[PDB]
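Peer 1: How does the following fold in three dimensions:
(chains A, B, C, D and E, ligands or ions: 50)
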Amino acid sequence: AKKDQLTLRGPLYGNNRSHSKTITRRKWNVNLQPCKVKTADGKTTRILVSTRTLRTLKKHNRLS
Amino acid sequence: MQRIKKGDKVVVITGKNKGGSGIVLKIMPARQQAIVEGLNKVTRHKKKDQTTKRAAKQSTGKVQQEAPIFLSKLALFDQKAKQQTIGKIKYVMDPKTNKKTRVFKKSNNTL
RNA sequence: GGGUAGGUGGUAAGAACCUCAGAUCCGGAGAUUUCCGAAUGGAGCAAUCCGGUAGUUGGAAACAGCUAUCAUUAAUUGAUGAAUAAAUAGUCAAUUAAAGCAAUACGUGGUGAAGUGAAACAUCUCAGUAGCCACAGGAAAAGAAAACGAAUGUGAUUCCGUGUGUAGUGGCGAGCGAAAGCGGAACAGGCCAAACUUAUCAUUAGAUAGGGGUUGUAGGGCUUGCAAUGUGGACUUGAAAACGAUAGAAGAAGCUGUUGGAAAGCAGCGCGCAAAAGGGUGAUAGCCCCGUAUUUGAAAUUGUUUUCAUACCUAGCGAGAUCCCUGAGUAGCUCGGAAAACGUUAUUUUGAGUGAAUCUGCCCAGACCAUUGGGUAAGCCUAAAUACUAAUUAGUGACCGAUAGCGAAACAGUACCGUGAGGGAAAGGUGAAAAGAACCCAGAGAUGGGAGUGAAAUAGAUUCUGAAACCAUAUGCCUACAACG
RNA sequence: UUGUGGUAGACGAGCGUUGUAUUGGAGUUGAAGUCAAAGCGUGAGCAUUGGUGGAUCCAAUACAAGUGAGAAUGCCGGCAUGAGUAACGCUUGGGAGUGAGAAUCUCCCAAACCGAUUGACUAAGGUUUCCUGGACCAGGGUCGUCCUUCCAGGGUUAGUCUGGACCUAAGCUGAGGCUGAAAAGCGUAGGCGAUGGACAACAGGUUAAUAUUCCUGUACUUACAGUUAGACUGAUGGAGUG
RNA sequence: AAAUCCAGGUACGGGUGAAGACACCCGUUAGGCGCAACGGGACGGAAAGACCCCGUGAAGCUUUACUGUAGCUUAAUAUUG
Ligand SMILES: [Mg+2]
Ligand SMILES: [Mg+2]
Ligand SMILES: [Mg+2]
Ligand SMILES: [Mg+2]
Ligand SMILES: [Mg+2]
Ligand SMILES: [Mg+2]
Ligand SMILES: [Mg+2]
Ligand SMILES: [Mg+2]
Ligand SMILES: [Mg+2]
Ligand SMILES: [Mg+2]
Ligand SMILES: [Mg+2]
Ligand SMILES: [Mg+2]
Ligand SMILES: [Mg+2]
Ligand SMILES: [Mg+2]
Ligand SMILES: [Mg+2]
Ligand SMILES: [Mg+2]
Ligand SMILES: [Mg+2]
Ligand SMILES: [Mg+2]
Ligand SMILES: [Mg+2]
Ligand SMILES: [Mg+2]
Ligand SMILES: [Mg+2]
Ligand SMILES: [Mg+2]
Ligand SMILES: [Mg+2]
Ligand SMILES: [Mg+2]
Ligand SMILES: [Mg+2]
Ligand SMILES: [Mg+2]
Ligand SMILES: [Mg+2]
Ligand SMILES: [Mg+2]
Ligand SMILES: [Mg+2]
Ligand SMILES: [Mg+2]
Ligand SMILES: [Mg+2]
Ligand SMILES: [Mg+2]
Ligand SMILES: [Mg+2]
Ligand SMILES: [Mg+2]
Ligand SMILES: [Mg+2]
Ligand SMILES: [Mg+2]
Ligand SMILES: [Mg+2]
Ligand SMILES: [Mg+2]
Ligand SMILES: [Mg+2]
Ligand SMILES: [Mg+2]
Ligand SMILES: [Mg+2]
Ligand SMILES: [Mg+2]
Ligand SMILES: [Mg+2]
Ligand SMILES: [Mg+2]
Ligand SMILES: [Mg+2]
Ligand SMILES: [Mg+2]
Ligand SMILES: [Mg+2]
Ligand SMILES: [Mg+2]
Ligand SMILES: [Mg+2]
Ligand SMILES: [Mg+2]
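Peer 2: Numbering: from 1, shown residues only, chains lettered A, B, ... in the order given. Ligands and ions are numbered 1, 2, ... in the order given. Okay, here it is:
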């Protein structure tokens, strides 16, 4: 599914309000992007994570 | 235990037959009935049926048998007493054999 | 274990047996439990087909009997091991769990309409309802203040009444509608991270396993002393006792006469009651029977509570130092949404982006700033009051009484309809007792008329009572020149 | 004294049904129900007697309602009218017999239609409808002694036939895996999937009902073991054929 | 068997009437009841008129009617040196 692999945070369903306040259901998807996380110098899996989790990994010196 | 058993003398206290003394030949506990010999004589109109080795003859005319009687209408008959009477019974347990025995309540006669 | 003298389940008579060395029956605990079905050795059109492996018995072997095992996923461990040296991916084996169902009912979460109303309709309402899906539990959810809120104030959560149809929110239209406070039900608060310290990991630890700590009238760590050996838990094992649940035992008291087929009705004279609830017995029985009030009883399984011991957790008030720690892609902010009564806004939440500080700190008191005051976010667990009844036991009804009550009083989700999902009926009563009509007559027989049983046969299996519409028979009157709601 | 027509409508006073609570009463010497009659009321309504019926019911004061049926092309059940009317859905005569009863059943002789079919073998489907004996509740568009109806008993025999234990086509399922709010969708290796491919039996006879299946006669195929003789055997893979 | 059926014992002419009468007013005619026929009438039967209109009804379709939206396209921003 269109979801993170480190965390489980997924899409956010909401309303698409326009002028005249017309209601139409819409879905916000997470910014899934591919990244490779080294683990004990091995198993550099190409996991699909969000940019928020990517920033967390970057500030943690690639720790997960 | 049971008020009426198979064998003891019994009489009827209600109905057309009053004071009918007899011996209980068979007791149906489920239907609360009791077959007493000589009492409740019914005469089924015996037909003729021939489909078996015994049915080839099956000689049956006006055979009078026994009709079952409700157990409530029956009452135990006293024998030990010199003047016999109809009464109710208890369920005392004598410690000599530790076995339950029926005893009348208008006298001290066992069974 | 209880309990007896009958039993071999119903339409059910008969034949043949069993049973007083204690049967049938009731209760507790076990044994066996074919095939399909989560189905799981492989398949498949469900109740079928085709096997592998390791044993063991017959055969001279193929083979055939009799056993046990053989699915997938996840976690742990061990062995083996690619591209490519090492190492992973992968492969294999062992152990432990998961699969599914139902209670037409309650809980949480995700997703989520429309009929309709606004007398049209698009904002809005309907409604976060129906439906779809995931996860449970015996309840679930929530929960111990970065809170309410305006005060010499209250001090987790949950549920009920009021506050009130109030403040408010609404094409300010239809409508929607709290949070404080007050009165009640119940009541409980605990525990981690970081400091600091111990031991070990090529100690590059930034990791593992321990001691220390859990906060707001700030707490804890650092150094230094006094007082402590207790009280209490949401807590483990045992032992003992009490109260029950799953079979049961005992359990009082009436005769006579009359109508009647039959008395229990009626009348006369009595009797018992901690029992006058109820059912049956040929009519309407306190005293005919079974029972009920009351007193009792458990070998075995199981529930609640209490006592004792036993683990685990659980402990106060000072002094100095002025040093350290207190939860970060976090709180805020911007762009689109939403939750709250609010149609987005102080508070809560988040899809994208950015991004702080460290008790002279941070958040809050409906934009915002200053003063005052309140509280300690970014970690976790939490009984009780609360929601519901498919089921077990007892019972009740100014609830129904075969067109009513569940669709279903009978063998009803049946017969039947449809390819299928699905839709879905009608039908109860002889008599106290079958004593269910032997026998005679007519007829081929069913059947009918007598006979017989029965109080009643015009109660006869077409079986309680038997209404009307409808169809026939007959006493009496009228009607064939007569225009008729 | 003034009044009393009346729809929509307003107001007031009452009747009736079921049950409950308090009082009293009747009932196998006959209650409710139910039918009939020449009764009483201003109205809803209320009695008396007799027949049938076989066990409950009545009066008063209050209370609570699933409380009042002539209509809804209303629902259910029964019964009329049309009407003994339309219709009875392609096939004749006679002789003998059974039987209580015969145009309709059995036998015989004809007769008339089918004859690229109303004939014979089977697939699919149907699921006992097949054979024998008995019966004439119901069904048969009449009748019936008769039936594909009902009752009782019986009937389907495979190494070679049709399909599995052999193989694949379209397609289905599909560990891993990919994709997707969830359910799920796609899909690799494997596994299914004939309407196709490969594979050894023919002739006759027999029962009321089975027959390449049972019996007779003559054959063939595939496995396993022992034995004789010869030969080095050669697949999970390659190639040819299929 | 069937649709039909408020109960019927169900004539004609002129008139009347909700405006075209088996049933009303005034006259005329006609013994009771069948059977075989043919359709004049019973505004005959079957179908809560399909035509027309009404309803602040429904549905299908169309467009430069309104409000939106799938898809397509452009830019900013993150992955992004
Ligand atoms: Mg809407
Ligand atoms: Mg025993
Ligand atoms: Mg709407
Ligand atoms: Mg509207
Ligand atoms: Mg409207
Ligand atoms: Mg909880
Ligand atoms: Mg007893
Ligand atoms: Mg007693
Ligand atoms: Mg009684
Ligand atoms: Mg803020
Ligand atoms: Mg809202
Ligand atoms: Mg402070
Ligand atoms: Mg303020
Ligand atoms: Mg804090
Ligand atoms: Mg019913
Ligand atoms: Mg009925
Ligand atoms: Mg069917
Ligand atoms: Mg008779
Ligand atoms: Mg009848
Ligand atoms: Mg009757
Ligand atoms: Mg005359
Ligand atoms: Mg004349
Ligand atoms: Mg005239
Ligand atoms: Mg006249
Ligand atoms: Mg008036
Ligand atoms: Mg009454
Ligand atoms: Mg009467
Ligand atoms: Mg009503
Ligand atoms: Mg009719
Ligand atoms: Mg007729
Ligand atoms: Mg006619
Ligand atoms: Mg005719
Ligand atoms: Mg004709
Ligand atoms: Mg014909
Ligand atoms: Mg003919
Ligand atoms: Mg010809
Ligand atoms: Mg043919
Ligand atoms: Mg059949
Ligand atoms: Mg036959
Ligand atoms: Mg026959
Ligand atoms: Mg016939
Ligand atoms: Mg053969
Ligand atoms: Mg196959
Ligand atoms: Mg084939
Ligand atoms: Mg044949
Ligand atoms: Mg005129
Ligand atoms: Mg109309
Ligand atoms: Mg409109
Ligand atoms: Mg509308
Ligand atoms: Mg772009």
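Peer 1: shouldn't residue A:30 be in contact with residue A:4?
Peer 2: Yes. Using Cβ atoms under 8 Å, residue A:30 is in contact with residue A:4, at 6.5 Å. (C-beta placed from N, C-alpha, C; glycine too.)
Peer 1: can you list the residues of chain B near RNA strand C?
Peer 2: B:1-6, B:13-17, B:26-30, B:32, B:42-48, B:61, B:67-68, B:70-73, B:75, B:86, B:88, B:90-91, B:100, B:105 (Cβ under 7 Å from any atom of the strand).
Peer 1: Which members of those additionally contact RNA strand D?
Peer 2: Counting by Cβ under 7 Å from any atom of the strand, no member of the residues of chain B next to RNA strand C is near RNA strand D.
Peer 1: State the number of residues packed around residue A:37.
Peer 2: By the criterion of other Cβ atoms under 10 Å in any protein chain shown, residue A:37 has 17 neighbours.
Peer 1: so what's it bridging to?
Peer 2: Beta-bridge partners of residue A:37, counted by DSSP bridges, are residue A:45.
Peer 1: what helix or strand is the residue in chain B positioned nearest to RNA strand D on?
Peer 2: Nearest residue of chain B to RNA strand D, counting by Cβ to the nearest atom of the strand: residue B:51, 13.0 Å away. Taking DSSP states H and E as the definition, residue B:51 sits outside all helices and strands.
Peer 1: where exactly do the strands run in chain B?
Peer 2: Counting by DSSP state E, chain B has strands at residues B:9-12, B:22-28, B:33-36, B:69-70, B:74-76, B:89-90, B:93-94, B:99-100, B:103-104.
Peer 1: would TSV of these with mean neighbour count be doable?
Peer 2: What follows is the strands of chain B, written out as TSV (neighbours: other Cβ atoms under 10 Å in any protein chain shown):
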stretch	mean neighbour count
strand B:9-12	20
strand B:22-28	16
strand B:33-36	22
strand B:69-70	17
strand B:74-76	21
strand B:89-90	16
strand B:93-94	11
strand B:99-100	10
strand B:103-104	16
